[PDB]
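Each chain, written out:
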Amino acid sequence: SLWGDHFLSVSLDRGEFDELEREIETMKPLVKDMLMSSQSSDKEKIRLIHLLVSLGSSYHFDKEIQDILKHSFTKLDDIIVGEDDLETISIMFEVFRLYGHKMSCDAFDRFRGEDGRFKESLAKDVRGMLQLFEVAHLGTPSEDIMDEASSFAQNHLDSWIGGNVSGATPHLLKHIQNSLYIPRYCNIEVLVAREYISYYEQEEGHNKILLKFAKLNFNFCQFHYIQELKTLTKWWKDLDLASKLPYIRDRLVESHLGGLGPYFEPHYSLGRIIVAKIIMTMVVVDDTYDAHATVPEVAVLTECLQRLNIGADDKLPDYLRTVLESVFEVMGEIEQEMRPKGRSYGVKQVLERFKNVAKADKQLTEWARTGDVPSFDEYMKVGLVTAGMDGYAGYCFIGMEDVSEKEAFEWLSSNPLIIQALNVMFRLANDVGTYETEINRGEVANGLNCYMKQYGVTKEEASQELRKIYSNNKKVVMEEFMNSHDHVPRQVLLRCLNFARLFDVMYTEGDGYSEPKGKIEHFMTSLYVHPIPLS
Ligand SMILES: CC(C)=CCC/C(C)=C\CC/C(C)=C/CSP(=O)(O)OP(=O)(O)O
Ligand SMILES: [Mg+2]
Ligand SMILES: [Mg+2]
C-alpha cells in the first residue's frame, strides 16, 4: 500500500548488481588471507572475527571461522591467563558464544572486586564497558552476573555520556548511545552491520579493505532486498485480495522483515521470499479469525483448515470462501515451485502445522465474541499454540537447501525447548506491543489484558511483569542455542536466535513494548532505499 508502489517502480540496474558481486569476489581472498595468517595470534584472530561479525561479513568465511574457533576454544583457558583487558575478554565472550561455545562467566571475575561487584576502576575503559554491556545480553538462565554486568556498564556508560569528556570523541559517543538504546543482540544482524559501518569508518586506524568490503557487502545485500520487495509486491498485487476482501492490511515490509530477521545473507534470498509470501498469506487467515465472524462461520473455517479443502459446497460466506481458496492456491503454487528443488514436503508442512493454530484461533474467537477474559494462565495455553513458532521455523527451512528436510522436521515435532521459549517471547511481545490495536478491535483475550484481570495490576505493572517472563525465555533461547550445537545444525539454530533478536526490534521499546510499524520507520530507508556511498 504505502511502500508497494515505491518498490514496484524502483529501478535495479543488473549491471550494478554484477559489479558489486565481482568486487566482493575480488576482495574476498585478501580478507581470507587475514584470517589464515600464520603471523597473527589466536587473540588477534578472534578480534578480526568479531570485526567481521560487527560488519555483517563473517559468512563469506564461515567454514574458516568455525574451524578457527573450534580449535582455539580448546585452548581458551590458556589464551586468557593474565588477559586483563576488559574489552578483549568481552570480545572473546561474544565471539565464542555466538559460535556455540559456552565461554564461562568466570572470565569476568578478574574484573570483580572483593565486595562482589565490578571494579569502579573499569570506568576508564569506556570501550570495555560498552563490550561488557553488549555481552551482558548473552546470559544463560543461571548467570545472574550478566544482569549485574548490564546494570553496571549501563549506569557507568550513562555517566560518561552525561559528563565532560564524552563530547571530545563524538563518533564513539554516538555509537555508545546507539548501543545503549538498541543492544546488538536486541537487534538484527544487518542493521547492526549498517550502524557499525558508520562507526568503524570514523575509527582512526580502521582497516580500509574491511571497511570497503563491508560497504560492498551491505549494498549487495540491500540490492537483493529491494528486488525481493519488488517481487513480493508484484506477487501480492496479482493475487489481488484487496479487490475481493475489505479488511486487508499492508503487511508487505513487515513480512519481508519476517524473512530478513531470520537470515540476511544473499544466498538466502529465495528463502526470504518464500517466508514473506507465507507470512502475508497466513496473516490474512489470522485476520479472518475475528470476533465478528459468527459461530457457524468460524466453525466451518476451522474445519476446512483441518481438512485442507474447499468445503464441499456444503458451506458458507463469500469473503471467507475467497480466503480459504487463496491460501490453498498460494500454498499449492509454492509447493509446485519448490518441487524441482526437492523441497515440496516442507511447503506441505505449513498447513499441516497450522491445523492446531486454527483450532486455537477458534477458541480465541469465542473468548473475544462473548467478551470473556480468561485467566492469564489459561490464556497462554491457547496463546502458545497460536504463536506457531514451530510453523515459523518451518517456513524458513523451506528455502535452505543445506538443511535436510526430514532432519529439520524431526526436530520441530520433537518440540524442542528452544521453540517453546520462542513461543513465549513472541506471544508476550506481540500481545503487549499491539495492545491498543487489540482493545480497539475487541480482542480482549490477550496476554496483557488477562494478566491485569488476574492480578488487579494496571497495564504498566502487567507490562513490566511479562517483560521479565520474556527476558527469562530469551536467556533460555541463548542457552538452548549453545547447548544444541553439534546436535542440531548451526544453520537451524541461528534462525532460532534471530527470531529472538527480530522480536526485540519489532516489539521492544525501552522498557515495555510497542508496535512494529513505528520501529520499522526508524530503519526503513537505510535498509531498503539508500546505498552506502563508496569511498
Ligand atoms: C514478527 C512478525 C511481524 C511476524 C512473524 C510472526 C509470524 C510467524 C506471523 C504473524 C502473526 C500475526 C498474526 C501478526 C499479526 S499482529 P497479531 O496480534 O494479530 O498476531 P497474533 O494474531 O497475535 O498471532
Ligand atoms: Mg484474529
Ligand atoms: Mg495478539
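Residues numbered from 1 in each chain as written, not as in the entry; some residues may be left out. Chains lettered and ligands numbered in written order. Heavy atoms only, no water.

Its PDB record attributes the structure to X-ray crystallography, giving the resolution as 2.3030 Å.

A. Examining the overall build of the protein chain more closely. Along the protein chain, the regular secondary structure elements total 26 helices and two strands. Compactness check: the protein chain gives a C-alpha radius of gyration of 24 Å against a globular reference of 24 Å for 535 residues, within 12% of the reference. If you line up the protein chain on its principal axes, its C-alpha atoms span 75 × 60 × 45 Å. In the protein chain, which comprises 535 residues, the proportion classed as buried is 57%. With an accessible surface of roughly 23,100 Å², the protein chain has 50% of that area assigned to carbon and sulfur atoms. The distance from the centre of the 59 positive side-chain charges to the centre of the 84 negative ones in the protein chain is 2 Å. (Helix = DSSP H or I, 4+ residues; strand = E, 2+ residues; numbered from the N terminus. Rg over C-alpha atoms; globule rule 2.2 N^0.38 Å. Buried < 20%, exposed > 50% of the residue type's maximum accessible area, 1.4 Å probe, protein only. Areas by Shrake-Rupley, 256 points an atom, 1.4 Å probe, with all protein chains shown as cover. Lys, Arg positive; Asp, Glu negative; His and termini not counted. Charge placed at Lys NZ, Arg CZ, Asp CG, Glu CD.)

B. Layout of the UniProt feature "binding site: Mg(2+) 2" in the protein chain. Under the UniProt annotation, the feature "binding site: Mg(2+) 2" is placed at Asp286 and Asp290. Cross-referencing the annotated residues with the largest pocket identifies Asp286 and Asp290 as lining it. With respect to the helices and strands, the residue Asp286 is situated in helix α14 (residues 269-288). A relative accessible area of 39% means that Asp286 is categorised as partly exposed. Considering the arrangement of structural elements, one finds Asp290 in the loop between α14 and α15 (295-307). For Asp290, a relative accessible area of 18% corresponds to the buried category. Looking at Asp290, its side chain comes within polar contact range of the main-chain nitrogen of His292, at 2.9 Å. (UniProt positions renumbered as here; feature names shortened; annotations may be inferred. 1 Å grid on protein atoms, 1.4 Å probe; cavity = no way out; pocket = protein on both sides within 12 Å on 5 of 7 lines; lining within 4 Å. Polar contact = N/O pair within 3.5 Å; in protein donor to acceptor, adjacent residues only side chain to side chain.)

C. Here's a closer look at the packing of helix α23 (residues 447-455) against helix α24 (residues 459-483). In the contact formed by α23 and α24, the axes pass within 9 Å of each other and the chain directions differ by 110°. Classified by the angle between their axes, α23 and α24 sit roughly perpendicular to one another. Between α23 and α24 lies a crossing of right-handed hand. Packed against α23, whose contacting residues are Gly447, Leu448, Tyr451 and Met452, the element α24 presents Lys459, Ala462, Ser463, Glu465 and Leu466 at the interface. By residue class, the composition of the contact of α23 with α24 is five nonpolar, two polar and two charged. (Axes fitted to C-alpha atoms, helices over the stretch in contact; angles between N-to-C directions. Parallel < 35°, antiparallel > 145°, perpendicular 65-115°, else oblique. Left-handed = near helix turned anticlockwise from the far one by under 90°. Contact = heavy atoms within 4.5 Å. Nonpolar A, V, L, I, M, F, W, Y, C, P; charged D, E, K, R; others polar.)

D. Quick peek at helix α26 (residues 516-528). A bend of about 45° at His522 is the largest found in α26. Here α26 has its buried residues at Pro516, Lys519, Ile520, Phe523, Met524, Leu527 and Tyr528. The inward-facing, buried residues of α26 abut α1 (4-9), α10 (189-201), α11 (208-239), α13 (252-260), α25 (490-507) and β1 (508-509). (Bend = angle between axes of the 7 residues up to and from the residue.)

E. Fine view of the side chain of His206. For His206, the location among the structural elements is in the loop between α10 and α11. For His206, the side chain forms a polar contact with the main-chain oxygen of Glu203, separated by 2.8 Å.

F. Structural detail: the site of ligand 1. Lining the immediate environment of ligand 1, one finds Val283, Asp286, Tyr392, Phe426, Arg427, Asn430, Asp431, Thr434, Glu438 and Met506. Within the side chain of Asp286, an N or O atom sits 2.9 Å from an oxygen atom of ligand 1. For ligand 1, an oxygen atom lies 2.5 Å from a polar atom in the side chain of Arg427. When ligand 1 sits alone it has 590 Å² of accessible area, and the protein chains cover 82% of it. Secondary-structure elements contributing two or more residues to the shell around ligand 1 are α14 and α21 (417-433). The element that contributes the greatest number of residues to the shell around ligand 1 is α21, accounting for four residues. Grouping the amino acids of the shell around ligand 1 by side-chain chemistry returns four nonpolar, two polar and four charged. (Near = heavy atom within 4 Å.)

G. Summary view of the packing of aromatic side chains. Applying the stated criterion to the full structure yields 25 aromatic pairs. Ring plane angle 80° and centroid distance 6.2 Å describe the contact between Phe7 and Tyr528, whose orientation is recorded as edge-to-face. Here the residue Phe7 occupies a position in helix α1, and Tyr528 occupies one in helix α26, the gap between them amounting to 521 residues. Neither residue differs from the other here; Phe7 and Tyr528 are each classed as buried. Aromatic ring contacts, followed pair by pair, group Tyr392, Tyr395, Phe426, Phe499, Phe503 and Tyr507 into a single cluster. Across the ring face of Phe218, the terminal group of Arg194 is positioned such that the distance to the ring centre comes to 5.5 Å. Sitting above the plane of the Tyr345 ring, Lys406 keeps its charged end 4.8 Å from the centroid. (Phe/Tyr/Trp six-rings, centres within 6.5 Å; stacked < 30°, edge-to-face > 60°. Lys NZ or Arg CZ within 6 Å of the ring centre and 35° of its normal.)

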